[PDB]
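Its first residue numbered 1380, the sequence shown is counted upward by one per residue in my numbering.
Built from N, CA and C at the ideal position, the CB exists for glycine as well.
Below you'll find the structure, written out as structure tokens, and then a few comments.
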Amino acid sequence: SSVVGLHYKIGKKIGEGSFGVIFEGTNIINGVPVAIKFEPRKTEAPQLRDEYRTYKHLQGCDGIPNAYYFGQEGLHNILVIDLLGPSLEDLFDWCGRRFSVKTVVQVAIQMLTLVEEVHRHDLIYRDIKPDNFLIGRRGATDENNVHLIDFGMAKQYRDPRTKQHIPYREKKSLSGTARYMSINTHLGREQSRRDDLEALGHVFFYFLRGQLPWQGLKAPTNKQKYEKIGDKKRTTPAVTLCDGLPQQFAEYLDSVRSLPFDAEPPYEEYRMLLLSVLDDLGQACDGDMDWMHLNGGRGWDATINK
Ligand SMILES: Cc1ccc2c(-c3ccncc3)c(-c3ccc(F)cc3)nn2c1
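Given below as structure tokens:
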């Protein structure tokens, strides 16, 4: 059948997110474009239904798309959400694998706000990477704002009613993306709010430099590769990552790395820290982004870029 969930016509496949089977589509009642993620209906570790509830739990938060349907349709499981634009990894590539300091600050404060409101709903994200932060669609209100998708790695970190934190714990299996994950993750420690923020600091330097110094390491196995990346993260001072860059990014990474395990990070203080970079450089926080100058001032386009 060309239509799932009663109302959603399946369209072009876009197969992001685990190669994890995503299509674009349209709501046949109101023309609203949607993203449709299928998932094999029987699985050991099915994430689609708790991902649906995660979107509902975060419903109304800015930068988090609506979920309109989760259901059946025979062979798979379906989740329908708002359709968004390219990822920050995509735009990073099209901009030459380098973001200006201005673009990094502006995207950083929106990412900090996104993660904060995930944390405010008693969840840690635990899969921070530029591939899961998406901009909006062209000619939309939110075309160039950052959004957050894919909550398959999310976990409750405090009880919602009592607000009491999960116990600290160790010897957890290392999974996530090794390029960005916190040092604590490398050591098998239970993740918490600070670890989402340390991962963000890694992305910030990734954007600013074009590369992180623990990229391109090799080992016989994956486990040993993860260990070498973790070793590099701990012998590279934040001040050397930020050689030639505004020192507020080194102070950011240093401070979130030293946060206590259950501590509530000072999100607004971190945002003011990064905002001060623009003041030291005489720039304004006006929403102008590097990718908005792509292709003569038209921005990203499918024929030329991807
Ligand atoms: C790496 C990556 C990139 C984009 C993207 C979409 C995405 C792409 C474009 N517009 C909206 C979403 C989603 C997605 C997740 C869950 C779902 F139910 C539907 C879509 N995952 N995902 C994962």
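Of the residues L1427, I1401 and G1410, the one whose Cα lies closest to the Cα of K1416 is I1401.
In this structure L1502 is in contact with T1433, their Cβ atoms being roughly 7 Å apart against a cut-off of 8 Å. Cβ contact annotation for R1568 (same chain, cutoff 6 Å, sequence separation greater than five): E1549, in chain order.
Contact annotation: the stretch 1617-1632 does not touch the stretch 1469-1478, with fewer than three C-beta pairs closer than 8 Å.
Under DSSP, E1577 shares a beta bridge with no residue. Comparing C-alpha distances from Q1570 to each of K1481, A1598, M1532 and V1618 shows the shortest one belongs to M1532. Comparing C-alpha distances from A1557 to each of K1612, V1525 and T1541 shows the shortest one belongs to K1612. Ranked by Cα distance from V1382, the options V1459, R1428 and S1634 are led by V1459. Fully contained in the stretch 1391-1467 are the following beta strand (DSSP E) runs of length 3 or more, in chain order: 1401-1406, 1412-1419, 1446-1450 and 1455-1461. Secondary structure of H1386 (DSSP, three-state): coil. Here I1562 carries a helix assignment [DSSP, helix/strand/coil].
Nearest neighbour of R1516 by Cα position, chosen from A1487, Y1585, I1562 and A1414, turns out to be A1414.
Where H1498 is concerned, the enclosing alpha helix (DSSP H) starts and stops at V1480 to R1499.
For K1435, the distance from the CB to the nearest heavy atom of ligand 1 is not below 8 Å. CA-to-CA, the gap between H1672 and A1681 works out to about 15 Å.
Here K1534 is bridged, per DSSP, to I1503. Taking a cut-off of 8 Å for Cβ pairs, the stretch 1494-1510 and the stretch 1531-1546 touch, as three or more such pairs fall below it. Looking at the backbone, the Cα of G1555 and that of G1661 are separated by about 37 Å. Residues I1507, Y1559, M1560 and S1561 of the same chain have their beta carbon placed closer than 7 Å to that of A1578, with the five preceding and five following residues left out of the count. For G1464, the closest of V1483, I1443 and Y1431 by C-alpha to C-alpha distance is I1443. Listed as beta-bridge partners of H1544 by DSSP are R1537. Annotated three-state conformation of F1512 is strand, per DSSP.
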